[PDB]
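Right, one structure below, let's go through it.
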Amino acid sequence: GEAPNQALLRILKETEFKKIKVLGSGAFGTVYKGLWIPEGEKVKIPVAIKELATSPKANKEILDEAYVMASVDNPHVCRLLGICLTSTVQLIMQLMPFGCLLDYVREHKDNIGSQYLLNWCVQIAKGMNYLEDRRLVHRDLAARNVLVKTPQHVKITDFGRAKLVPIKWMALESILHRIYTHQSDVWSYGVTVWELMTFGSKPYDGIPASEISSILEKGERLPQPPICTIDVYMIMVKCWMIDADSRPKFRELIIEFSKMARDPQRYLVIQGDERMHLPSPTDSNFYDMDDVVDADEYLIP
Ligand SMILES: Cc1nc2cnc(Nc3ccnc(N4CC[C@@](C)(C(N)=O)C4)n3)cc2n1C(C)C
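Numbering (the deposited numbering), first residue to last: 696 to 747, 750 to 861, 876 to 998, 1006 to 1019.
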């Protein structure tokens, strides 16, 4: 029927890695900043360790996420580095030093220009088009689930809902009939773009989740962000059509945003644009430090 999933689930020893500090704590559990020094490899890989109370059902949920996360390999998608079989069960992931895009745009508004915004859109569309190739429906795309490796490199994450509720990011078919397609992820992509273009605003702020279904049914949509030209807003609007097949395809979104990213100032109007600066790996003290290699450069055992 379908193609066999030959992905390798890597089991890592507790002694092979160390927890440095806590990066975040939520519904899932706690994420730690860590270092992974494999076997006798003379490498130090900066990692993020996701950790869970212990219950059999919670372990199933974390192992389902590990399954999906180990099954992906794309420059714009977060891959699972391995798992550690403690009583708790820990997921070892790539350290994304700048955290989530949502908090990033909120904290750096005064230094984010049209080039970065448009490049981010291209990058998310690429990651999403890859998930579509792998026949994978995300079911939770949002600016909080896009992580920042460097200000110039972002990746899609959170496969806790990914298959083969976040109302304000969902397509109408999903809210009304629990239908989830790749075109339903396109609706979520539209909202994510709106979150970036507004510098991290909350979609439909003050409006309760039960009112959203009616609001969308009537024909109401998220407003035009002040920096958006009709060109960019038209794209957002198309991702929010009632007819799923009328919405753009991710491959088309790559093309559309790429054309626009070649002339950013023509599509986004930002006060003091281009005079803006963000940390680049060509900056002083951007990075013991000896033998530190990024996960993207550390391949196989
Ligand atoms: C503040 C912060 N700094 C981070 C550095 N690196 C990662 N690394 C990764 C890589 C892939 N996936 C994830 N996780 C974080 C928790 C997750 C379940 C989610 N909802 O974003 C996916 N973290 C996550 C980081 N965070 C989280 C808590 C948003």
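Idealized CB from N, CA, C, for every residue including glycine.
Taken atom to atom, the span from the alpha-carbon of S768 to that of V943 is near 33 Å. Between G724 and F712, the C-beta spacing is not below 7 Å.
Counted as a single uninterrupted DSSP element, the alpha helix (DSSP H) harbouring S895 occupies residues 893-908. The criterion of a C-beta distance shorter than 7 Å is not satisfied by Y727 and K739. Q812 is classed as buried because its beta carbon has at least 16 other beta carbons within 10 Å across all chains shown. Using a Cβ distance threshold of 7 Å, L927 and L883 count as a contacting pair. Under the three-state reduction of DSSP, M881 is assigned to coil, being neither helix nor strand.
The way I'd put it, the stretch 789-804 does touch the stretch 907-915; three or more beta-carbon pairs between them come closer than 8 Å. In the DSSP assignment, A920 falls within the unbroken alpha helix (DSSP H) covering 920-929. In this chain, the alpha helix (DSSP H) harbouring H805 covers 798-805. Judged by pairs of C-beta atoms under 8 Å, the stretch 952-970 touches the stretch 892-901, as three or more such pairs exist. Per DSSP, the beta-bridge partners of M790 are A743, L777. For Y827, the closest C-alpha among the options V904, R841, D896, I1018 is that of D896.
A residue is called buried when at least 16 other Cβ atoms come within 10 angstroms of its Cβ; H893 meets this threshold and is buried. A Cβ-Cβ separation of about 6 Å places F968 in contact with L815 under the 8 Å criterion. Between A1013 and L707, the C-beta gap is not smaller than 7 Å, which leaves the two residues out of contact. Counting along the chain, the unbroken alpha helix (DSSP H) around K757 starts and ends at 753-767. Following the DSSP letters along the chain, one finds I965 inside the alpha helix (DSSP H) bounded by residues 961-971. Per DSSP, the beta bridge partners of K728 are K716, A743.
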